[PDB]
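Student: What follows is protein-v2.pdb, PDB, C-alpha atoms and all ligand atoms.
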ATOM      1  CA  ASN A   3    -147.419  18.610 -33.210  1.00  0.00           C
ATOM      2  CA  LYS A   4    -144.034  20.257 -33.835  1.00  0.00           C
ATOM      3  CA  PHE A   5    -145.620  23.649 -34.272  1.00  0.00           C
ATOM      4  CA  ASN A   6    -147.196  24.061 -30.870  1.00  0.00           C
ATOM      5  CA  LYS A   7    -148.276  27.455 -29.506  1.00  0.00           C
ATOM      6  CA  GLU A   8    -144.814  28.289 -28.129  1.00  0.00           C
ATOM      7  CA  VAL A   9    -143.182  27.754 -31.534  1.00  0.00           C
ATOM      8  CA  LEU A  10    -145.902  29.827 -33.191  1.00  0.00           C
ATOM      9  CA  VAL A  11    -145.565  32.587 -30.584  1.00  0.00           C
ATOM     10  CA  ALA A  12    -141.753  32.798 -31.021  1.00  0.00           C
ATOM     11  CA  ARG A  13    -142.281  32.833 -34.785  1.00  0.00           C
ATOM     12  CA  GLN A  14    -144.639  35.804 -34.543  1.00  0.00           C
ATOM     13  CA  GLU A  15    -142.100  37.586 -32.316  1.00  0.00           C
ATOM     14  CA  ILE A  16    -139.202  37.200 -34.731  1.00  0.00           C
ATOM     15  CA  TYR A  17    -141.267  38.895 -37.424  1.00  0.00           C
ATOM     16  CA  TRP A  18    -142.055  41.874 -35.112  1.00  0.00           C
ATOM     17  CA  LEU A  19    -138.312  42.765 -34.914  1.00  0.00           C
ATOM     18  CA  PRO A  20    -137.761  46.203 -36.482  1.00  0.00           C
ATOM     19  CA  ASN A  21    -134.067  46.110 -37.549  1.00  0.00           C
ATOM     20  CA  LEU A  22    -133.965  42.857 -39.611  1.00  0.00           C
ATOM     21  CA  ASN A  23    -134.168  43.059 -43.420  1.00  0.00           C
ATOM     22  CA  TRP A  24    -136.624  40.774 -45.192  1.00  0.00           C
ATOM     23  CA  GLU A  25    -133.967  38.110 -45.957  1.00  0.00           C
ATOM     24  CA  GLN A  26    -132.846  37.916 -42.340  1.00  0.00           C
ATOM     25  CA  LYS A  27    -136.454  37.615 -41.159  1.00  0.00           C
ATOM     26  CA  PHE A  28    -137.249  34.991 -43.814  1.00  0.00           C
ATOM     27  CA  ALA A  29    -134.132  33.002 -42.854  1.00  0.00           C
ATOM     28  CA  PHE A  30    -135.043  32.772 -39.173  1.00  0.00           C
ATOM     29  CA  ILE A  31    -138.640  31.755 -39.990  1.00  0.00           C
ATOM     30  CA  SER A  32    -137.304  29.158 -42.395  1.00  0.00           C
ATOM     31  CA  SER A  33    -134.834  27.785 -39.758  1.00  0.00           C
ATOM     32  CA  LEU A  34    -137.690  27.690 -37.273  1.00  0.00           C
ATOM     33  CA  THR A  35    -139.833  25.892 -39.843  1.00  0.00           C
ATOM     34  CA  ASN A  36    -137.031  23.338 -40.294  1.00  0.00           C
ATOM     35  CA  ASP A  37    -136.023  22.992 -36.640  1.00  0.00           C
ATOM     36  CA  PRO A  38    -139.015  23.947 -34.389  1.00  0.00           C
ATOM     37  CA  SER A  39    -137.288  22.716 -31.218  1.00  0.00           C
ATOM     38  CA  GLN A  40    -134.839  25.644 -31.560  1.00  0.00           C
ATOM     39  CA  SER A  41    -137.585  28.371 -31.522  1.00  0.00           C
ATOM     40  CA  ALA A  42    -136.513  29.948 -28.262  1.00  0.00           C
ATOM     41  CA  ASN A  43    -132.840  29.955 -29.322  1.00  0.00           C
ATOM     42  CA  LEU A  44    -133.816  31.417 -32.678  1.00  0.00           C
ATOM     43  CA  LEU A  45    -135.850  34.277 -31.142  1.00  0.00           C
ATOM     44  CA  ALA A  46    -133.021  35.068 -28.714  1.00  0.00           C
ATOM     45  CA  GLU A  47    -130.448  35.117 -31.515  1.00  0.00           C
ATOM     46  CA  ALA A  48    -132.742  37.140 -33.802  1.00  0.00           C
ATOM     47  CA  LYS A  49    -133.016  39.731 -31.036  1.00  0.00           C
ATOM     48  CA  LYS A  50    -129.203  39.963 -30.909  1.00  0.00           C
ATOM     49  CA  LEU A  51    -128.989  40.562 -34.670  1.00  0.00           C
ATOM     50  CA  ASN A  52    -131.710  43.155 -34.253  1.00  0.00           C
ATOM     51  CA  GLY A  53    -129.819  44.919 -31.465  1.00  0.00           C
ATOM     52  CA  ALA A  54    -126.622  44.829 -33.511  1.00  0.00           C
ATOM     53  CA  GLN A  55    -128.129  46.646 -36.515  1.00  0.00           C
ATOM     54  CA  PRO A  56    -129.429  49.998 -35.181  1.00  0.00           C
ATOM     55  CA  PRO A  57    -130.860  52.517 -37.683  1.00  0.00           C
TER      56      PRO A  57
ATOM     57  CA  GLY B 402    -156.416  38.027 -33.648  1.00  0.00           C
ATOM     58  CA  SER B 403    -154.544  34.793 -34.407  1.00  0.00           C
ATOM     59  CA  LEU B 404    -150.792  34.023 -34.373  1.00  0.00           C
ATOM     60  CA  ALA B 405    -150.110  34.907 -38.017  1.00  0.00           C
ATOM     61  CA  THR B 406    -146.943  36.802 -38.766  1.00  0.00           C
ATOM     62  CA  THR B 407    -147.606  40.363 -39.982  1.00  0.00           C
ATOM     63  CA  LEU B 408    -146.855  39.273 -43.559  1.00  0.00           C
ATOM     64  CA  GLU B 409    -149.545  36.593 -43.266  1.00  0.00           C
ATOM     65  CA  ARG B 410    -152.147  39.266 -42.444  1.00  0.00           C
ATOM     66  CA  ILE B 411    -152.096  40.612 -45.998  1.00  0.00           C
ATOM     67  CA  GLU B 412    -155.615  39.993 -47.321  1.00  0.00           C
ATOM     68  CA  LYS B 413    -154.858  37.619 -50.228  1.00  0.00           C
ATOM     69  CA  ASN B 414    -154.430  33.841 -50.565  1.00  0.00           C
ATOM     70  CA  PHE B 415    -150.807  32.908 -50.851  1.00  0.00           C
ATOM     71  CA  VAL B 416    -148.163  30.675 -49.398  1.00  0.00           C
ATOM     72  CA  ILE B 417    -144.378  31.005 -49.513  1.00  0.00           C
ATOM     73  CA  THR B 418    -142.014  28.004 -49.670  1.00  0.00           C
ATOM     74  CA  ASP B 419    -138.253  27.551 -49.231  1.00  0.00           C
ATOM     75  CA  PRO B 420    -136.589  25.553 -51.987  1.00  0.00           C
ATOM     76  CA  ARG B 421    -133.407  25.342 -49.807  1.00  0.00           C
ATOM     77  CA  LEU B 422    -135.284  23.054 -47.451  1.00  0.00           C
ATOM     78  CA  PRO B 423    -135.984  19.448 -48.464  1.00  0.00           C
ATOM     79  CA  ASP B 424    -139.124  19.083 -50.616  1.00  0.00           C
ATOM     80  CA  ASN B 425    -139.656  22.846 -50.894  1.00  0.00           C
ATOM     81  CA  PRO B 426    -142.097  23.267 -47.925  1.00  0.00           C
ATOM     82  CA  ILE B 427    -144.353  26.134 -46.845  1.00  0.00           C
ATOM     83  CA  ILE B 428    -142.781  28.620 -44.469  1.00  0.00           C
ATOM     84  CA  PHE B 429    -145.605  31.220 -44.685  1.00  0.00           C
ATOM     85  CA  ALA B 430    -149.372  30.783 -45.222  1.00  0.00           C
ATOM     86  CA  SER B 431    -151.743  33.762 -45.223  1.00  0.00           C
ATOM     87  CA  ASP B 432    -154.701  33.795 -42.897  1.00  0.00           C
ATOM     88  CA  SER B 433    -156.898  34.069 -46.015  1.00  0.00           C
ATOM     89  CA  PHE B 434    -155.317  30.939 -47.464  1.00  0.00           C
ATOM     90  CA  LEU B 435    -156.086  29.175 -44.204  1.00  0.00           C
ATOM     91  CA  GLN B 436    -159.698  30.320 -44.296  1.00  0.00           C
ATOM     92  CA  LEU B 437    -159.992  29.118 -47.868  1.00  0.00           C
ATOM     93  CA  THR B 438    -158.457  25.678 -47.465  1.00  0.00           C
ATOM     94  CA  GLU B 439    -159.831  25.079 -43.930  1.00  0.00           C
ATOM     95  CA  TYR B 440    -156.361  24.108 -42.645  1.00  0.00           C
ATOM     96  CA  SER B 441    -154.763  25.631 -39.565  1.00  0.00           C
ATOM     97  CA  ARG B 442    -151.264  27.073 -39.705  1.00  0.00           C
ATOM     98  CA  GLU B 443    -150.079  24.398 -37.262  1.00  0.00           C
ATOM     99  CA  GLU B 444    -150.887  21.521 -39.596  1.00  0.00           C
ATOM    100  CA  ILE B 445    -149.419  22.800 -42.846  1.00  0.00           C
ATOM    101  CA  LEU B 446    -146.216  24.595 -41.878  1.00  0.00           C
ATOM    102  CA  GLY B 447    -143.180  22.620 -43.029  1.00  0.00           C
ATOM    103  CA  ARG B 448    -145.290  20.739 -45.540  1.00  0.00           C
ATOM    104  CA  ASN B 449    -145.226  20.663 -49.352  1.00  0.00           C
ATOM    105  CA  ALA B 450    -148.285  22.377 -50.864  1.00  0.00           C
ATOM    106  CA  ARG B 451    -149.200  19.240 -52.815  1.00  0.00           C
ATOM    107  CA  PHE B 452    -151.644  18.254 -50.037  1.00  0.00           C
ATOM    108  CA  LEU B 453    -154.145  20.522 -51.819  1.00  0.00           C
ATOM    109  CA  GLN B 454    -154.462  18.005 -54.686  1.00  0.00           C
ATOM    110  CA  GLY B 455    -156.846  15.061 -54.992  1.00  0.00           C
ATOM    111  CA  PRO B 456    -158.509  12.547 -57.338  1.00  0.00           C
ATOM    112  CA  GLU B 457    -159.684  14.990 -60.016  1.00  0.00           C
ATOM    113  CA  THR B 458    -156.545  17.103 -60.063  1.00  0.00           C
ATOM    114  CA  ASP B 459    -155.070  16.919 -63.590  1.00  0.00           C
ATOM    115  CA  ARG B 460    -151.607  15.401 -63.107  1.00  0.00           C
ATOM    116  CA  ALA B 461    -150.270  17.015 -66.294  1.00  0.00           C
ATOM    117  CA  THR B 462    -151.176  20.460 -64.980  1.00  0.00           C
ATOM    118  CA  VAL B 463    -149.456  19.753 -61.653  1.00  0.00           C
ATOM    119  CA  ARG B 464    -146.414  18.676 -63.685  1.00  0.00           C
ATOM    120  CA  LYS B 465    -146.484  22.104 -65.375  1.00  0.00           C
ATOM    121  CA  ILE B 466    -146.007  23.690 -61.954  1.00  0.00           C
ATOM    122  CA  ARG B 467    -143.119  21.370 -60.990  1.00  0.00           C
ATOM    123  CA  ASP B 468    -141.379  22.077 -64.312  1.00  0.00           C
ATOM    124  CA  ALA B 469    -141.594  25.805 -63.516  1.00  0.00           C
ATOM    125  CA  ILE B 470    -140.247  25.262 -59.993  1.00  0.00           C
ATOM    126  CA  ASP B 471    -137.311  23.202 -61.240  1.00  0.00           C
ATOM    127  CA  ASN B 472    -136.455  25.932 -63.763  1.00  0.00           C
ATOM    128  CA  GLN B 473    -137.049  28.744 -61.257  1.00  0.00           C
ATOM    129  CA  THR B 474    -139.536  30.492 -63.541  1.00  0.00           C
ATOM    130  CA  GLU B 475    -143.083  31.692 -63.083  1.00  0.00           C
ATOM    131  CA  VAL B 476    -146.179  29.874 -64.299  1.00  0.00           C
ATOM    132  CA  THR B 477    -149.950  30.287 -64.286  1.00  0.00           C
ATOM    133  CA  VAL B 478    -152.379  27.362 -64.389  1.00  0.00           C
ATOM    134  CA  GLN B 479    -155.930  26.382 -63.466  1.00  0.00           C
ATOM    135  CA  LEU B 480    -156.230  23.249 -61.373  1.00  0.00           C
ATOM    136  CA  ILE B 481    -158.699  21.521 -59.076  1.00  0.00           C
ATOM    137  CA  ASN B 482    -157.842  21.502 -55.368  1.00  0.00           C
ATOM    138  CA  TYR B 483    -159.505  20.297 -52.172  1.00  0.00           C
ATOM    139  CA  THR B 484    -160.326  21.770 -48.745  1.00  0.00           C
ATOM    140  CA  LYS B 485    -159.330  19.918 -45.564  1.00  0.00           C
ATOM    141  CA  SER B 486    -162.805  18.380 -45.422  1.00  0.00           C
ATOM    142  CA  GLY B 487    -162.382  17.433 -49.079  1.00  0.00           C
ATOM    143  CA  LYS B 488    -164.546  19.989 -50.862  1.00  0.00           C
ATOM    144  CA  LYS B 489    -163.582  20.677 -54.497  1.00  0.00           C
ATOM    145  CA  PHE B 490    -162.582  24.094 -55.748  1.00  0.00           C
ATOM    146  CA  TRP B 491    -161.010  25.467 -58.921  1.00  0.00           C
ATOM    147  CA  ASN B 492    -157.711  27.144 -58.190  1.00  0.00           C
ATOM    148  CA  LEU B 493    -156.445  29.773 -60.600  1.00  0.00           C
ATOM    149  CA  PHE B 494    -152.850  29.507 -59.413  1.00  0.00           C
ATOM    150  CA  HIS B 495    -149.749  31.637 -59.986  1.00  0.00           C
ATOM    151  CA  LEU B 496    -146.228  30.762 -59.017  1.00  0.00           C
ATOM    152  CA  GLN B 497    -143.347  33.197 -59.005  1.00  0.00           C
ATOM    153  CA  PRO B 498    -139.776  33.090 -57.746  1.00  0.00           C
ATOM    154  CA  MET B 499    -138.896  35.525 -55.020  1.00  0.00           C
ATOM    155  CA  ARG B 500    -135.429  36.889 -55.855  1.00  0.00           C
ATOM    156  CA  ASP B 501    -132.941  39.068 -53.987  1.00  0.00           C
ATOM    157  CA  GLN B 502    -130.952  42.073 -55.221  1.00  0.00           C
ATOM    158  CA  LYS B 503    -128.617  40.178 -57.555  1.00  0.00           C
ATOM    159  CA  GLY B 504    -131.533  38.249 -59.056  1.00  0.00           C
ATOM    160  CA  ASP B 505    -130.960  34.937 -57.335  1.00  0.00           C
ATOM    161  CA  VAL B 506    -134.018  32.970 -56.287  1.00  0.00           C
ATOM    162  CA  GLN B 507    -134.413  32.771 -52.530  1.00  0.00           C
ATOM    163  CA  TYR B 508    -138.048  31.590 -52.123  1.00  0.00           C
ATOM    164  CA  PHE B 509    -141.278  30.855 -53.990  1.00  0.00           C
ATOM    165  CA  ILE B 510    -144.516  32.795 -53.724  1.00  0.00           C
ATOM    166  CA  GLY B 511    -147.709  31.020 -54.758  1.00  0.00           C
ATOM    167  CA  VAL B 512    -151.028  32.827 -55.151  1.00  0.00           C
ATOM    168  CA  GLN B 513    -154.459  31.176 -55.238  1.00  0.00           C
ATOM    169  CA  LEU B 514    -157.621  32.718 -56.671  1.00  0.00           C
ATOM    170  CA  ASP B 515    -160.468  30.361 -55.753  1.00  0.00           C
ATOM    171  CA  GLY B 516    -163.548  29.647 -57.835  1.00  0.00           C
ATOM    172  CA  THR B 517    -166.552  27.358 -58.228  1.00  0.00           C
ATOM    173  CA  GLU B 518    -165.620  26.940 -61.886  1.00  0.00           C
ATOM    174  CA  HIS B 519    -162.956  26.826 -64.574  1.00  0.00           C
ATOM    175  CA  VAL B 520    -162.774  30.367 -65.963  1.00  0.00           C
ATOM    176  CA  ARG B 521    -162.341  30.708 -69.731  1.00  0.00           C
ATOM    177  CA  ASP B 522    -161.982  33.345 -72.458  1.00  0.00           C
ATOM    178  CA  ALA B 523    -162.053  36.945 -71.245  1.00  0.00           C
ATOM    179  CA  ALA B 524    -162.844  35.958 -67.662  1.00  0.00           C
ATOM    180  CA  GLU B 525    -159.714  33.801 -67.549  1.00  0.00           C
ATOM    181  CA  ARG B 526    -157.448  36.472 -69.115  1.00  0.00           C
ATOM    182  CA  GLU B 527    -158.791  38.909 -66.544  1.00  0.00           C
ATOM    183  CA  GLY B 528    -158.082  36.310 -63.864  1.00  0.00           C
ATOM    184  CA  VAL B 529    -154.502  35.707 -65.032  1.00  0.00           C
ATOM    185  CA  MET B 530    -153.857  39.456 -65.144  1.00  0.00           C
ATOM    186  CA  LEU B 531    -155.113  39.963 -61.591  1.00  0.00           C
ATOM    187  CA  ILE B 532    -153.241  37.227 -59.672  1.00  0.00           C
ATOM    188  CA  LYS B 533    -149.973  38.133 -61.407  1.00  0.00           C
ATOM    189  CA  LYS B 534    -150.445  41.693 -60.161  1.00  0.00           C
ATOM    190  CA  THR B 535    -151.344  40.382 -56.661  1.00  0.00           C
ATOM    191  CA  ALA B 536    -148.238  38.176 -56.631  1.00  0.00           C
ATOM    192  CA  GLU B 537    -146.145  41.216 -57.549  1.00  0.00           C
ATOM    193  CA  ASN B 538    -147.680  43.228 -54.715  1.00  0.00           C
ATOM    194  CA  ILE B 539    -147.152  40.436 -52.206  1.00  0.00           C
ATOM    195  CA  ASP B 540    -143.480  40.166 -53.231  1.00  0.00           C
ATOM    196  CA  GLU B 541    -143.109  43.948 -52.885  1.00  0.00           C
ATOM    197  CA  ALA B 542    -144.894  43.969 -49.482  1.00  0.00           C
ATOM    198  CA  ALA B 543    -142.860  41.084 -47.993  1.00  0.00           C
ATOM    199  CA  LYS B 544    -139.694  43.029 -48.689  1.00  0.00           C
ATOM    200  CA  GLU B 545    -141.050  45.990 -46.696  1.00  0.00           C
ATOM    201  CA  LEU B 546    -142.124  44.025 -43.632  1.00  0.00           C
TER     202      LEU B 546
HETATM  203  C1  LIG C   1    -145.129  28.432 -53.503  1.00  0.00           C
HETATM  204  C2  LIG C   1    -145.912  27.235 -53.995  1.00  0.00           C
HETATM  205  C3  LIG C   1    -147.303  27.217 -53.946  1.00  0.00           C
HETATM  206  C4  LIG C   1    -148.003  26.104 -54.398  1.00  0.00           C
HETATM  207  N1  LIG C   1    -149.375  26.114 -54.337  1.00  0.00           N
HETATM  208  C5  LIG C   1    -150.107  25.042 -54.788  1.00  0.00           C
HETATM  209  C6  LIG C   1    -151.502  25.067 -54.728  1.00  0.00           C
HETATM  210  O1  LIG C   1    -152.113  26.048 -54.286  1.00  0.00           O
HETATM  211  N2  LIG C   1    -152.213  23.970 -55.180  1.00  0.00           N
HETATM  212  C7  LIG C   1    -151.545  22.868 -55.687  1.00  0.00           C
HETATM  213  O2  LIG C   1    -152.195  21.906 -56.080  1.00  0.00           O
HETATM  214  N3  LIG C   1    -150.160  22.846 -55.746  1.00  0.00           N
HETATM  215  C8  LIG C   1    -149.443  23.931 -55.297  1.00  0.00           C
HETATM  216  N4  LIG C   1    -148.070  23.898 -55.350  1.00  0.00           N
HETATM  217  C9  LIG C   1    -147.458  22.676 -55.965  1.00  0.00           C
HETATM  218  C10 LIG C   1    -146.822  21.619 -55.097  1.00  0.00           C
HETATM  219  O3  LIG C   1    -146.150  22.213 -54.015  1.00  0.00           O
HETATM  220  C11 LIG C   1    -145.835  20.871 -55.990  1.00  0.00           C
HETATM  221  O4  LIG C   1    -144.928  21.782 -56.558  1.00  0.00           O
HETATM  222  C12 LIG C   1    -146.501  20.155 -57.152  1.00  0.00           C
HETATM  223  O5  LIG C   1    -147.401  19.195 -56.644  1.00  0.00           O
HETATM  224  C13 LIG C   1    -145.436  19.439 -57.982  1.00  0.00           C
HETATM  225  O6  LIG C   1    -144.717  18.604 -57.097  1.00  0.00           O
HETATM  226  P1  LIG C   1    -144.910  17.002 -57.107  1.00  0.00           P
HETATM  227  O7  LIG C   1    -144.995  16.495 -58.529  1.00  0.00           O
HETATM  228  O8  LIG C   1    -143.717  16.355 -56.453  1.00  0.00           O
HETATM  229  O9  LIG C   1    -146.175  16.679 -56.350  1.00  0.00           O
HETATM  230  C14 LIG C   1    -147.334  24.995 -54.915  1.00  0.00           C
HETATM  231  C15 LIG C   1    -145.944  25.021 -54.949  1.00  0.00           C
HETATM  232  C16 LIG C   1    -145.237  26.132 -54.490  1.00  0.00           C
HETATM  233  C17 LIG C   1    -143.733  26.181 -54.547  1.00  0.00           C
HETATM  234 CL    CL C   2    -148.506  40.425 -36.382  1.00  0.00          CL
HETATM  235 CL    CL C   3    -155.536  40.487 -39.204  1.00  0.00          CL
HETATM  236 CL    CL C   4    -142.366  21.739 -54.778  1.00  0.00          CL
END
I need this file expressed as structure tokens, please.

Tutor:
Amino acid sequence: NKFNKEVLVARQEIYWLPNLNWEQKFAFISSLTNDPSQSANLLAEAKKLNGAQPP
Amino acid sequence: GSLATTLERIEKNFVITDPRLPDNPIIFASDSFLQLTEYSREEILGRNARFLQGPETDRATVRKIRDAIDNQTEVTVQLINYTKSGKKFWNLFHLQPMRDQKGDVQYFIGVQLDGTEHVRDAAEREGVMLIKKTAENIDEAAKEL
């Protein structure tokens, strides 16, 4: 099962990020959907995009 | 609660697919859709929505959906689908492209309104009206979240 709990957890956490627009959020979920083994890397990189777009 | 993304906690049946991925697979599936179809998120993410179909599903109707998808337009149909345990239900379905600012399609939203029967006449027009409005609201909401 590619979409184990860890993948699902990371996925939920990407969507919680406050500074991403809807496209950016959708893109990371989509990449995660396509390449589940990169979930942790995706969350970490999403956080960097978040931190780089302050309000 | 469960592990749904915040978008997937909106209280309507829908899924969202990415046509940029091979075979246009589900990337979001609402908790309500999961309750309806009896599938868990784990077992349908990354999969084409066609798993909902079965023996009695009218293949011409399904073709109507695929035609719409290929042309990146909306469509509304009534088709028979199946739960995980194989229980029949009528699905008043609406598809609509999710576009960005410049009007380019980015994703597809699909909304299901489940029923024990094929709705006709006034009850079907009322049905069509409603799920179109729901699909519009879901689109609008996703862009806020
Ligand atoms: C966003 C979206 C939602 C869909 N929802 C359903 C559905 O609820 N029930 C169904 O039978 N097909 C649904 N489909 C249709 C299948 O995914 C597929 O488009 C259809 O079976 C035509 O493809 P095929 O001829 O290769 O099987 C949906 C498609 C998309 C893009
Ligand atoms: Cl959430
Ligand atoms: Cl909830
Ligand atoms: Cl498809």

Student: As a check of understanding, name the residues that the ChimeraX specification (/B :<6) & /A selects in the supplied structure, as a PDB file with C-alpha atoms, in the coordinates of the input.

Tutor:
ATOM      1  CA  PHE A   5    -145.620  23.649 -34.272  1.00  0.00           C
ATOM      2  CA  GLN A  14    -144.639  35.804 -34.543  1.00  0.00           C
ATOM      3  CA  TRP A  24    -136.624  40.774 -45.192  1.00  0.00           C
ATOM      4  CA  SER A  32    -137.304  29.158 -42.395  1.00  0.00           C
ATOM      5  CA  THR A  35    -139.833  25.892 -39.843  1.00  0.00           C
TER       6      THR A  35
END

Student: Taking the file as shown, find all residues satisfying the PyMOL selection byres (((chain A and resi 31) around 10) and not hetatm) and write them as a compact mmCIF listing (two decimals) with C-alpha atoms, in the frame of the given file.

Tutor:
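Produced file selection.txt, reproduced below:
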# COMPACT_ATOMS: atom_id res chain seq x y z
CA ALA A 12 -141.75 32.80 -31.02
CA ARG A 13 -142.28 32.83 -34.78
CA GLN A 14 -144.64 35.80 -34.54
CA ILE A 16 -139.20 37.20 -34.73
CA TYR A 17 -141.27 38.90 -37.42
CA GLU A 25 -133.97 38.11 -45.96
CA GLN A 26 -132.85 37.92 -42.34
CA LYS A 27 -136.45 37.62 -41.16
CA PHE A 28 -137.25 34.99 -43.81
CA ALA A 29 -134.13 33.00 -42.85
CA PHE A 30 -135.04 32.77 -39.17
CA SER A 32 -137.30 29.16 -42.40
CA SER A 33 -134.83 27.78 -39.76
CA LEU A 34 -137.69 27.69 -37.27
CA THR A 35 -139.83 25.89 -39.84
CA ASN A 36 -137.03 23.34 -40.29
CA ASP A 37 -136.02 22.99 -36.64
CA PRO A 38 -139.01 23.95 -34.39
CA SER A 41 -137.58 28.37 -31.52
CA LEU A 44 -133.82 31.42 -32.68
CA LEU A 45 -135.85 34.28 -31.14
CA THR B 406 -146.94 36.80 -38.77
CA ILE B 428 -142.78 28.62 -44.47
CA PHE B 429 -145.60 31.22 -44.68

Student: Taking all atoms listed in the file into account, which of B:510, B:430, B:532, B:437 comes nearest residue 493 of chain B?

Tutor: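 Selected residue with least distance to residue 493 of chain B: B:532.
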
Student: Given the file above and the PyMOL selection byres (((chain B and resi 470) around 12) and not hetatm), which residues are selected, and can you give them as a list in words?

Tutor: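 Selection result, ordered by chain and number: residues 418, 419, 420, 424, 425, 463, 464, 465, 466, 467, 468, 469, 471, 472, 473, 474, 475, 476, 477, 495, 496, 497, 498, 499, 506, 508, 509, 510 and 511 of chain B.
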
Student: Between atom CA of residue 432 of chain B and atom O2 of ligand LIG 1 (chain C), measure the distance and give it in Å to one decimal.

Tutor: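 Atom-to-atom, atom CA of residue 432 of chain B and atom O2 of ligand LIG 1 (chain C) are spaced 17.9 Å apart.
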
Student: My list of candidates is B:439, B:412, B:540, B:522. Which is closest to ligand CL 3 (chain C) when distances are computed with all atoms listed in the file?

Tutor: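 Under the stated criterion, the closest residue is B:412.
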
Student: What residues have an atom no more than 10 Å from (-127.9, 40.0, -37.7) in the file's own frame, counting all atoms listed in the file, and can you write them as a PyMOL selection string?

Tutor: chain A and resi 21-23+26-27+47-55

Student: Using atom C11 of ligand LIG 1 (chain C) and atom CA of residue 526 of chain B as the two end points, give the distance in Å to one decimal.

Tutor: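 According to the coordinates, atom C11 of ligand LIG 1 (chain C) and atom CA of residue 526 of chain B are separated by 23.5 Å.
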
Student: In Å, how far is it from atom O3 of ligand LIG 1 (chain C) to atom CA of residue 527 of chain B?

Tutor: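 Separating atom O3 of ligand LIG 1 (chain C) from atom CA of residue 527 of chain B is a distance of 24.4 Å.
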
Student: Need to verify the contact set: residue 413 of chain B, 10 Å, only C-alpha atoms, exclusion of same-chain residues closer than 3 positions in sequence. Can you return it as a PDB file with C-alpha atoms, in the coordinates of the input?

Tutor:
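The result, written out as part00.pdb:
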ATOM      1  CA  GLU B 409    -149.545  36.593 -43.266  1.00  0.00           C
ATOM      2  CA  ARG B 410    -152.147  39.266 -42.444  1.00  0.00           C
ATOM      3  CA  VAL B 416    -148.163  30.675 -49.398  1.00  0.00           C
ATOM      4  CA  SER B 431    -151.743  33.762 -45.223  1.00  0.00           C
ATOM      5  CA  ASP B 432    -154.701  33.795 -42.897  1.00  0.00           C
ATOM      6  CA  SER B 433    -156.898  34.069 -46.015  1.00  0.00           C
ATOM      7  CA  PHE B 434    -155.317  30.939 -47.464  1.00  0.00           C
ATOM      8  CA  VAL B 512    -151.028  32.827 -55.151  1.00  0.00           C
ATOM      9  CA  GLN B 513    -154.459  31.176 -55.238  1.00  0.00           C
ATOM     10  CA  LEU B 514    -157.621  32.718 -56.671  1.00  0.00           C
ATOM     11  CA  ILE B 532    -153.241  37.227 -59.672  1.00  0.00           C
ATOM     12  CA  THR B 535    -151.344  40.382 -56.661  1.00  0.00           C
ATOM     13  CA  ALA B 536    -148.238  38.176 -56.631  1.00  0.00           C
ATOM     14  CA  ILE B 539    -147.152  40.436 -52.206  1.00  0.00           C
TER      15      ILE B 539
END

Student: Select, from B:455, B:402, B:528, B:516, the residue with the minimum atom-to-atom distance to ligand LIG 1 (chain C), counting only C-alpha atoms and all ligand atoms.

Tutor: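 Nearest candidate to ligand LIG 1 (chain C) out of B:455, B:402, B:528, B:516: B:455.
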